[PDB]
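Taking the form deposited in one PDB entry, here's one chain by itself in structure tokens.
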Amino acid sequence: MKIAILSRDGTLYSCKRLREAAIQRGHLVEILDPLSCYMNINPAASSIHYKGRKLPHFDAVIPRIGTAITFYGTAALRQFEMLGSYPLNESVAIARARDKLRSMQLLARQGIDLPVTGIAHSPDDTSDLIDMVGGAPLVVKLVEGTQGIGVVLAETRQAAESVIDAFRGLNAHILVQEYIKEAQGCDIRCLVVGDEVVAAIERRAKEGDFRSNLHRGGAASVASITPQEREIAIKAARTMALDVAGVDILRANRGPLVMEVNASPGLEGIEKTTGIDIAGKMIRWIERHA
């Protein structure tokens, strides 16, 4: 089979592993920077050009589309889909998953448990919003945030007022979210391929922090996930219409809460922590559905 990996990070571990795994299974592989594809849209069916050349047909495309290029990357992916390529994650679902508020609304509407989460942009009554979510302790987050930057624990009502008031000046969407204190700074990161969780690790915040992000000094280790946790990760991915998804879970008293769904999970940390061949399993899903 002929497989395109659609990513700007072709030098990086996850793309190199997907290429190696596909070649090892006898497939032909090309790594394509989405930003280098250009194409006639009207007329439709028109072939994709790349560095002055006309790309061949690809049986499958593996999109690995950075947050910064979602709109154009999915446009390139959409073109491959119209030419008949099988996509490991559809353009429609990648664009939806990039929309964090929409994704959370969908998850909540389909029965998936999440922390009590309020959304706001320019709220004019800070106390009302704090009470609407249920009072301190609260985690305030910027929706378009990464690496734990703009994610803060407001333990008291006054901290929550001050943080929400300060974030107002930024003209940005925010989450105000119930603090899962009993998780003790740990989250469970599952990687879902198809109908199964293929791998899971635990990420643990440093002492003095509650954010498990690696960039914020988090530590990864092998996890023991429950049947319920497996089930919620698989159901979250299916609800998002993703064939491949990272799902981050917080362990609350009342059960697992889905915190995040990522359409382009990194392979390095979870593969190296667990020893599982995740890239191989992505390739096998492709073999079974293209």
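Take the two forms, superpose them, and find the largest set of C-alpha atoms that agree within 1.5 Å; that set is the rigid core. We number the residues from 1 along the sequence you see.
Given 189-197 and 202-210, the range whose Cα B-factors average higher in the PDB entry: Result of the comparison: 202-210.
Quick one: say whether 213-221 or 70-78 has the higher mean Cα B-factor in the deposited entry. The deposited B-factors put 213-221 ahead on the C-alpha mean.
Whose C-alpha has the highest temperature factor in the PDB entry: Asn89, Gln177, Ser103, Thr146? The C-alpha B-factor peaks, among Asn89, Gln177, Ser103, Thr146, at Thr146.
From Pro63, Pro34, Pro265, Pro56, which pick has the Cα B-factor that tops the rest in the entry? Reading the PDB entry, the winner on C-alpha B-factor is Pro56.
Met1 by Cα B-factor - lowest, middle or highest third of the modelled chain: As the PDB entry reports it, the C-alpha B-factor of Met1 lands in the highest third of its chain.
Which third, lowest, middle or highest, does the CA B-factor of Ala245 fall in along this chain? Its C-alpha B-factor, which the entry lists for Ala245, ranks in the lowest third among residues of this chain.
Third of the chain, ranked by Cα B-factor, where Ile23 sits: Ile23: CA B-factor falls in the highest third of its chain.
Lowest, middle or highest third: which one holds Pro256 when the chain's residues are ordered by CA B-factor from the entry? It belongs to the middle third of the chain when residues are ordered by C-alpha B-factor.
How does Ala154 rank on Cα B-factor within its chain, lowest, middle or highest third? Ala154: CA B-factor falls in the middle third of its chain.
Note that the form deposited in another entry isn't included here; everything after this is about it.
Picking from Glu178, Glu161, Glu202, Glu196, which residue has its CA shift by 2 Å or more between the shown form and the other one, once the rigid core of the two forms is superposed? None of the others reach 2 Å, which leaves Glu178.
Is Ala108 one of the residues whose Cα moves 2 Å or more between the shown form and the other one, with the core superposed? No.
Align on the rigid core first; then say whether the Cα of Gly145 has moved by at least 2 Å between the shown form and the other one. Comparing forms between the shown form and the other one, the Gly145 CA shifts at least 2 Å.
State yes or no: after fitting on the rigid core, is the Cα displacement of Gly10 between the shown form and the other one at least 2 Å? Shift of 2 Å or more: yes.
By 3 Å or more, the Cα spacing of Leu175 and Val258 differs in the other form; is it closer or farther than in this view? They are farther apart; the C-alpha distance rises by 3 Å or more in the other form.
Look at the CA atoms of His173 and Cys190: state whether they lie closer or farther apart in the other form than in this form, given a difference of 3 Å or more. Farther, not closer.
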